[PDB]
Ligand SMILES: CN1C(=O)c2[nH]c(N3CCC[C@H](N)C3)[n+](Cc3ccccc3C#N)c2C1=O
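Read the single chain below, which is given as structure tokens and is the form deposited without the named molecule.
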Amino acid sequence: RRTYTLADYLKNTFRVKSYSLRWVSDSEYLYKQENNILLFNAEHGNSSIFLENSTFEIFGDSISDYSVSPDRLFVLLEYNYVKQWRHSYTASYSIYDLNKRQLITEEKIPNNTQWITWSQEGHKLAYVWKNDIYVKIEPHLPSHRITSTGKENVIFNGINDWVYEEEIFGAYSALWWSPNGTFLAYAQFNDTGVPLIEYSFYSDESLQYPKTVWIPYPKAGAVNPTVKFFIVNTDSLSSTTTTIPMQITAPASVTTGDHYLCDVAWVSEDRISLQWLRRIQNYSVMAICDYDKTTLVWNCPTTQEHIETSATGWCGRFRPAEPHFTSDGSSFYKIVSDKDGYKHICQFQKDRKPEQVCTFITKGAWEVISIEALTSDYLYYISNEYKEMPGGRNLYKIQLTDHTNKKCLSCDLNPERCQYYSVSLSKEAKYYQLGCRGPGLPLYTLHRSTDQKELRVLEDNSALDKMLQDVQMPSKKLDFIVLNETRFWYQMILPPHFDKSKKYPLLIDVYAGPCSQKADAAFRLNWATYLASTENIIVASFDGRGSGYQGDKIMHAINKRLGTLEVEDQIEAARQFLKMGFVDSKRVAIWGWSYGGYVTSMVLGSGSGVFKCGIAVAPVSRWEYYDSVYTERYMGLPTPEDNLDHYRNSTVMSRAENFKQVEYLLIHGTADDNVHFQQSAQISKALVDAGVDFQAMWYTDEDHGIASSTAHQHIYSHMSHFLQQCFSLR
């Protein structure tokens, strides 16, 4: 009869396993097993050693990661990894010659590379270093410099500046090899007019004077970085000292004022797709460009333009969805909101057609989460259609030739244990691995695409299961409540022997930012686990307005006015939970991180009287302090000509007074490059001026994730005691 200890969480006592494979072909994949890369044969367990427990140790214990060239002839060995922002980081590299069996040592790769990648074909390498792009046709050969305009915090070649890396593309990379690797496309950003933010860094206690880190960061309404798209011909490098890249200029309907680059997608080797967005993400354009062999130039005829629009708010969830072209690249499928505001898959022809550019292949009050593969006859995708559970994930598949031959492939499998799947099809969809994150313990299995025959079970968490036997684990209810005639899902982490008759303290867990989803059918062992399994606290989350994958009516509901409906609904939801009986109204709390810290703060400061205390970690306190791309997408510009009013109305500090009725815990990281601390500094200052006592805690040199080992443990222990004091436990 043991409970899930806070130490069980902090020291990761119970490990949850998974099967992360790397498809090498349409029939084999790679897998890391005891620091040995093994090549497996989907169909038969047939394995084989690809790289040894060995190799990886020459570069000591700093071997961060590995990347095998597509022709399996070489392997990139990453080491001396150094983080920088959410996705950026620099490392050192070594090419290992599989065949020659040894580390290539001649034309080595710079000891501080910002980014590197193989081509999609052979062993071509493109890497950014010192903000400049370099190409190596083959591992042993010398490095060819592609750009030279590169300059720290000013000119970025092939990598994204801070805001792009964070808000547009999900990563640091701004490179794109064409299939067959003839061309190499890339973006270049000029951060010149972009203002700087400058926080202090204290480093070791031996540093006598703290450093100052500055970052070109555009806050709402500020001058944004600029872009340019280039494509350089890789096949000529050996015959010149310098090659001249060809530039593609964004479509006219976007160039009049500020704008951004949305997505890059190679159709074939003479056709590329680029998506552009206006600073006011009300409008989006996806041009298709063809390579003219004669005049050696790329053309993007308005005839192949394609426009995406939104009268309710903005485009896509975070950005227009990505196109998926056919082989002959004559058509493509893309996820776009239909007439009812539901994100669904529809067809397009390279050439736009007057208000009929689309033809939906999907309908319903549910949404297609993402397209996973496009066979010459089938379209594999993932949706939350099944059982009308917006919080569930299932793998479907439609026959192109017959849009009726639509079939779910994971719905049956384990309806009890699995309702939240992740997929991964082989190079040509011959096999597909399933990742069950579903209610129960994560279950990984691979199947033969043809008939779905489950070849074998890659990973069932029997080990984890065996251990969780001797522990009083809490349960998780995933249902919905109905407000103003609409379903709104929520989830509750119920403490062990949960008796519906008794009264328990409630803790609302929040985020609730645009298009977010806190209520889902995925298994997790987090802090809330400990909170219910040992403190008997009910941890609940509620996806209200401006959220998830339930149509734009619900998501766009927040448009032009953050800090409104999503906050309110969070309070309503608490009301409902109370009316559900088992909640001790005298002990209701609410905490949130990032955007969640904002809502938590806005809720505590609403004077609704429904909450006793709360904790906001690295919250946003007013939208002018947050970056441009994100904020403006939901708020527009902070100008009297636009939405200045809603900007100034949604301030946390403007609700300082109402905090007198609450125990508040404000936590923030000193080196938070995302939500600047300036944000919390402005909150504390507002409460101090209001004469409201509260509790604060800064984390020296910590990120926006306060994720360093010692800090991570410290912050959760601290919040634990805060709740214990607040809930009269401890």
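Start at 1 with the first residue shown and count on from there.
What comes next is about the form deposited with the named molecule bound, which does not appear here.
Contact with the named molecule in the bound PDB entry, defined as any heavy atom within 4.5 Å, is confined among 644-652, 344-352, 615-623, 426-434 to 615-623. Residue-level contacts in the bound PDB entry: of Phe498, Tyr504, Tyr291, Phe318, one residue has a heavy atom within 4.5 Å of the named molecule, and it is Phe318. For the candidate set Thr90, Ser594, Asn414, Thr147, a heavy atom within 4.5 Å of the named molecule in the bound PDB entry is found for exactly one residue, namely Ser594.
Although the partner is absent here, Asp132 is not a contact residue: none of its heavy atoms lies within 4.5 angstroms of the named molecule in the bound PDB entry. In the bound PDB entry, the named molecule sits beyond 4.5 Å of every heavy atom of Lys32. Contact annotation for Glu167: at least one heavy atom lies within 4.5 Å of the named molecule in the bound PDB entry. Residue contact check for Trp266: none of its heavy atoms lie within 4.5 Å of the named molecule in the bound PDB entry. Contacts with the named molecule in the bound PDB entry, taken as any heavy atom within 4.5 Å, map within 666-682 to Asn674, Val675.
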